[PDB]
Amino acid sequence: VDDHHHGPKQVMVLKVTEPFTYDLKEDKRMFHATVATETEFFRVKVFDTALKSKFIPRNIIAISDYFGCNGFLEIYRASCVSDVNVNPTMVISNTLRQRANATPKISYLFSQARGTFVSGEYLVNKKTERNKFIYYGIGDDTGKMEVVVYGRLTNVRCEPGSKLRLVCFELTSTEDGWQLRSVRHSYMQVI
């Protein structure tokens, strides 16, 4: 909103979600992308989904007039991005690639600040519903927690035994454990 940056930042697109409606009232659309310079990776929120044609994995692009908010890079207009032979010689080290695509271990999430936004792929082991919310027990070789889903994302067909890709969920805690709560910009799909 006031963390505005002129750019341009020159990045390779690593991964993208399909576009989706995050405000059902006015059919507002967005998608999520992970991108990288040669030394850093960035999580991007694209609110002009006309840009879907440019956030293709392995495309190299230049991002201008973007905003930093809550640890994301926000893009609001198609004019922010250009993609014609910006740096056909870009190399993304394999270490930076896997760092960009890594899922945090559940035990590591317990050490993190409540309210940070988390992305990760986890195995579901229990499903229960109550009062329009839906609670997914997830775990790994380090611990267990609940994914709390409410609203538009309750329509995602998911039962125990499925693997869940979570994008931009909020890390919270209660006296009974830790949770990843769906929020306005969240996205999820089963694999």
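The first residue of the shown sequence is 1; numbering continues from there.
Looking at mean Cα B-factors across 109-117 and 82-90, the upper value is held by 82-90. Stretches 133-141 and 35-43 differ in mean CA B factor, with 133-141 having the higher one.
Take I61, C69, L51, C158 and read off each C-alpha B-factor from the entry; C158 has the highest. Among the modelled residues of its chain, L123 has a C-alpha B-factor that falls in the highest third, as given in the PDB entry. Per the deposited record, the Cα B-factor of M30 falls in the lowest third when ranked against the other modelled residues of its chain.
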